[PDB]
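So the sequence lines, in the order shown, correspond to chains A, B, C, D and E.
Per the UniProt record's numbering: the first sequence = residues 34 to 62, 87 to 245, 257 to 263.
Per the UniProt record's numbering: the second sequence = residues 2 to 29, 35 to 157.
Per the UniProt record's numbering: the third sequence = residues 302 to 383, 393 to 401.
Sequential numbering of the fourth sequence, starting at 8, is according to the UniProt record's numbering.
Sequential numbering of the fifth sequence, starting at 3, is according to the UniProt record's numbering.
Structure, as structure tokens:
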Amino acid sequence: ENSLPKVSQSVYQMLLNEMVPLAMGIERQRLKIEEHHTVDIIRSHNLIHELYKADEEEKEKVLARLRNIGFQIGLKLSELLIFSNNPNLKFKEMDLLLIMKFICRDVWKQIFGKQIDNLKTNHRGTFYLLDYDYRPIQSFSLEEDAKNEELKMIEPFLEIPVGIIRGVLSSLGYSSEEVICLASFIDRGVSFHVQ
Amino acid sequence: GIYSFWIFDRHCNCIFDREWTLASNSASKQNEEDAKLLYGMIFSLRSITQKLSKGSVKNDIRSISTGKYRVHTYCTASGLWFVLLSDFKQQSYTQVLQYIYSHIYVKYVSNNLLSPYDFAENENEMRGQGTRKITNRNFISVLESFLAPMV
Amino acid sequence: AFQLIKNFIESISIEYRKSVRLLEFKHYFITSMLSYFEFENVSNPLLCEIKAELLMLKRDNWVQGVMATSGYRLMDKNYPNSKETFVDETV
Amino acid sequence: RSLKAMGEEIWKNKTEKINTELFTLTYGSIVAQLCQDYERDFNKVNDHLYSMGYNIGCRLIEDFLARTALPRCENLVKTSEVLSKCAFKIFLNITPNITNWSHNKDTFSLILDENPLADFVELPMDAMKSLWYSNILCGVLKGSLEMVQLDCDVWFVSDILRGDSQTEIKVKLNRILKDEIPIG
Amino acid sequence: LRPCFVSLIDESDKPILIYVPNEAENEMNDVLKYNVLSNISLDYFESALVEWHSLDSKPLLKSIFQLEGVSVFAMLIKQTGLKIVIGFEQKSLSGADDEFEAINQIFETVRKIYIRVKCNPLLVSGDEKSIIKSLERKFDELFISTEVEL
């Protein structure tokens with residue numbers, strides 16, 4: 034239908050990469090940059106992500122700050138989805154844990170583009186969604202000596218869509234939990261699991 | 002025929018690894039000295055065409071066309087110099103080098119946040135005698151995927 | 302031969318429910334107790350007849366605990382939702 | 008004018024669309040994360056929002072040159088206008104205008120018409136002083152420009168909320184030193 | 003097409019997990035029958051001269067049994083001493099050979115799931131608690147929860 038406002042996916046996507054060394058720099062707080094007013098020391102983004110899992114600090118307090126930031130995103134976009142477009146499926150108050158399949162059929166296409174899911178739910182008690190090529194970190198690289206050492210590193214990046222889909226259920230009002238695995242498809257991987 | 006690919010930054014460093022895509026001459035490091043003398047041939051000839059400039063613009067170097075081979079360069083405006091040594095069968099790769107900048111480089115180097123800008127080792131020997139940086143599982147493989155059609 | 306008895310039990314168990322044909326399947330197994338009634342001897346090959354009679358006793362216990370909600374014995378409820395007359399009382 | 012039309016051609020070349028209001032909430036959310044995490048120190052979030060901007064702009068500028076095959080500018084006067092239209096317009100669908108163009112050609116300012124960091128934003132009276140909202144824009148401009156070998160400093164001086172006046176960034180050129188000692 | 007339990011025993015005759023699907027949300031206390039069926043098959047490893055194994059190349063689907071409402075068997079790979087067994091409810095049983103090789107191949111799928119979760123070093127020293135919950139969390143979608151995929 035209506036298609037008025039547009040901004041790039043790219044600068045968006047690097048911002049979605051860049052909430053995590055932001056949070057590491059929050060916890061850890087010379088290139089004298091703003092020398093009209095002040096000075097900075099440095100900010101090693103290549104070593105900030107090589108300080109959480111490549112040095113094994115107390116990131117467990119910091120992981121809540123990755124969890125926290127998606128909630129206020131996840132609370133306040135359901136109303137913004139009907140200002141995104143108005144496709145008449147947009148109403149919210151008919152279903153409880155059975156339009157989370159379909160609110161993550163759209164906002165997961167509107168912050169991640171694709172819709173390859175293969176959803177599975179045990180007796181409509183717990184619903185889980187998984188995809189084979191996650192849009193941030195399947196553009197990401199390695200140090201080529203192994204691969205399993207690199208899957209230590211990427212574990213804080215998975216926690217940003219914790220807060221999103223937990224935000225929408227708390228937008229409907231909930232206290233049901235959520236945990237993230239990392240799958241491995243066999244054809245040319258990460259899974260999600262909510263109660 | 003393509004002999005060798007190399008990657009040249011602003012700080013006069015090559016970041017090309019073990020020689021292949023027919024840089025081993027068997028798919029039709036010892037050349038760390040060869041990185042310097044390739045740089046001296048280009049940078050001196052960078053200054054020649056800089057000193058002859060017409061019409062309120064600078065001048066990029068397309069190709070030194072030597073005897074018994076060629077060399078094709080692509081100096082960026084960021085000081086990145088993608089250099090490729092052909093065998094004079096095809097003409098200048100001034101869009102193949104744009105494909106390996108806009109697609110295989112910037113989407114696989116400098117978007118990956120576990121690898122830096124490859125600038126310096128937190129130290130002031132960027133201008134020489136530094137061990138290289140580019141070792142990726144994906145990037146080296148997808149480069150070799152792209153250039154095995156050529157050789 | 303026990304696998305042949307199992308395939309015969311599946312042939313009877315294609316339709317056997319609520320003593321309409323569950324009684325027929327239990328009756329066919331009680332006449333298919335000729336595994337116990339063909340060979341039964343001492344200094345045999347180590348109580349395979351006793352294992353077969355144990356499985357047949359499980360079948361007869363399932364027959365008595367099926368066919369009319371009466372008693373069980375094991376608190377089993379092995380009969381799910383679906393006439394030799396050896397047990398005429400719950401005690 | 009070709010560099011007029013480059014932004015519209017790239018806006019038909021690239022196909023990447025987010026709705027603009029979704030970008031604003033993901034910027035208001037992260038500055039709210041800084042606001043509630045740190046101790047309401049609006050001074051002390053401009054610096055680290057700038058640190059965000061620096062360390063994301065110096066990876067931003069090479070994909071900007073990837074889409075826009077442009078030569079390295081050497082004066083102020085052409086990079087000011089191409090930063091005022093193309094390098095924003097392929098990313099942020101805006102065209103900020105250069106005004107107050109100084110006679111010594113070392114400084115300028117930049118009115119921007121609208122911004123998608125500050126579309127529908129209200130700040131509290133605690134936040135109403137001692138804070139500049141788009142210090143990530145200061146970060147991305149300064150960390151963008153120190154890749155291309157000019158150590159300009161920009162600093163954003165007036166919100167459309169702070170003072171409710173106008174949106175300006177004071178800019179100052181500095182030296183144009185290129186790299187050296189290839190002998191080592 | 004649906005197992006009635008999943009049982010796992012290592013080489014020391016210690017049961018790793020006697021997993022039963024749907025003991026919450028549905029009928030309880032038949033799990034007390036299920037684990038003692040597993041123990042009947044555990045001391046019924048080899049008894050009264052009945053041999054299950056004759057092929058040493060790949061350990062295929064071995065001898066079917068049937069006891070008091072279920073249909074159990076065994077699949078001893080003989081590789082790292084794994085002794086895992088699966089029963090099926092006899093009440094929904096068609097008794098064909100593509101059924102027989104079908105439960106052979108899904109026995110190899112649950113073998114694959116155990117050998118995948120056996121060497122996941124994303125969490126190390128996962129040997130006593132929530133390794134069990136994690137493998138149950140990988141069990142409970144391969145035979146069920148297909149209801150919403152379409």
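Each residue gets a CB set at the ideal place from its N, CA and C atoms; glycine is no exception.
Less than 7 angstroms separating the beta-carbons of residue i and residue j?
i: residue 88 (chain A); j: residue 59 (chain D); result: no
i: residue 143 (chain B); j: residue 201 (chain A); result: yes
i: residue 258 (chain A); j: residue 235 (chain A); result: no
i: residue 324 (chain C); j: residue 378 (chain C); result: no
i: residue 98 (chain B); j: residue 3 (chain B); result: no
i: residue 143 (chain D); j: residue 56 (chain D); result: yes
i: residue 74 (chain E); j: residue 89 (chain E); result: yes
i: residue 326 (chain C); j: residue 317 (chain C); result: yes
i: residue 102 (chain A); j: residue 20 (chain D); result: no
i: residue 175 (chain D); j: residue 161 (chain D); result: no
i: residue 22 (chain B); j: residue 153 (chain B); result: yes
i: residue 133 (chain B); j: residue 191 (chain D); result: yes
i: residue 47 (chain A); j: residue 105 (chain A); result: no
i: residue 185 (chain A); j: residue 128 (chain A); result: no
i: residue 146 (chain E); j: residue 19 (chain E); result: no
i: residue 172 (chain A); j: residue 25 (chain D); result: no
So residue i and residue j are in contact, right, with Cβ under 8 angstroms, and what is the actual spacing, rounded?
i: residue 38 (chain A); j: residue 28 (chain D); result: 7 angstroms
i: residue 265 (chain A); j: residue 36 (chain D); result: One cannot answer for residue 265 (chain A) here, as it falls past the ends of chain A, which runs 34 to 263.
i: residue 103 (chain D); j: residue 95 (chain D); result: 6 angstroms
Under a three-way DSSP split, which group does residue i fall into?
i: residue 352 (chain C); result: helix
i: residue 397 (chain C); result: coil
i: residue 44 (chain E); result: helix
i: residue 311 (chain C); result: helix
i: residue 220 (chain A); result: helix
i: residue 139 (chain B); result: coil
i: residue 21 (chain E); result: strand
i: residue 8 (chain B); result: strand
i: residue 151 (chain D); result: helix
i: residue 72 (chain B); result: coil
i: residue 54 (chain E); result: coil
i: residue 85 (chain E); result: strand
i: residue 64 (chain E); result: coil
i: residue 55 (chain B); result: helix
i: residue 98 (chain A); result: coil
i: residue 102 (chain B); result: helix
i: residue 184 (chain A); result: strand
i: residue 15 (chain E); result: coil
i: residue 65 (chain D); result: helix
i: residue 2 (chain E); result: Residue 2 (chain E) is absent from the model: chain E starts at 3 and stops at 152.
i: residue 176 (chain D); result: strand
i: residue 178 (chain A); result: strand
Let me check understanding here. Comparing Cα to Cα, which of the options lies closest to residue i?
i: residue 7 (chain E); options: E:25, E:16, E:14, E:79; result: E:25
i: residue 103 (chain E); options: E:65, E:45, E:35; result: E:65
i: residue 231 (chain A); options: A:49, A:42, A:132, A:113; result: A:132
i: residue 44 (chain E); options: E:17, E:80, E:133; result: E:17
i: residue 149 (chain E); options: A:217, A:176, A:48; result: A:176
i: residue 130 (chain D); options: D:149, D:49, D:88, D:74; result: D:49
i: residue 110 (chain A); options: A:242, A:241, A:227, A:207; result: A:207
i: residue 226 (chain A); options: A:241, A:41, A:237, A:130; result: A:130
i: residue 47 (chain D); options: D:111, D:74, D:138; result: D:138
i: residue 117 (chain A); options: A:137, A:149, A:60; result: A:60
i: residue 96 (chain B); options: B:35, B:78, B:104, B:105; result: B:78
List the residues of chain G that residue i touches, going by C-beta distances under 8 angstroms, in chain order.
i: residue 121 (chain B); result: Of the protein chains in this structure, namely A, B, C, D and E, none is chain G.
Three or more C-beta pairs below 8 angstroms linking the region 157-168 of chain D and the region 55-64 of chain E: no
Contact the region 104-123 of chain E vs the region 68-87 of chain E: 3+ CB pairs below 8 angstroms: yes
Validate contact between the region 2-18 of chain B and the region 81-99 of chain B using beta carbons, cut 8 angstroms, 3 pairs: yes
Inter-stretch contact (C-beta, 8 angstroms, three-pair minimum) for the region 60-76 of chain D and the region 103-123 of chain B: yes
Segment contact, 8 angstroms Cβ cut-off, at least three pairs: the region 108-124 of chain D with the region 86-99 of chain D: yes
Touching by the beta-carbon criterion (3+ pairs, under 8 angstroms), the region 95-105 of chain A and the region 184-200 of chain A: no
Given 8 angstroms, three or more beta-carbon pairs between the region 135-143 of chain A and the region 159-175 of chain A: yes
contact_flag[the region 145-158 of chain D, the region 76-85 of chain B] where n(CB pairs < 8 angstroms) is 3 or more: yes
The region 365-374 of chain C touching the region 85-94 of chain D, judged by at least three CB pairs closer than 8 angstroms: no
Stretch pair the region 328-337 of chain C + the region 345-357 of chain C: three plus CB contacts closer than 8 angstroms: yes
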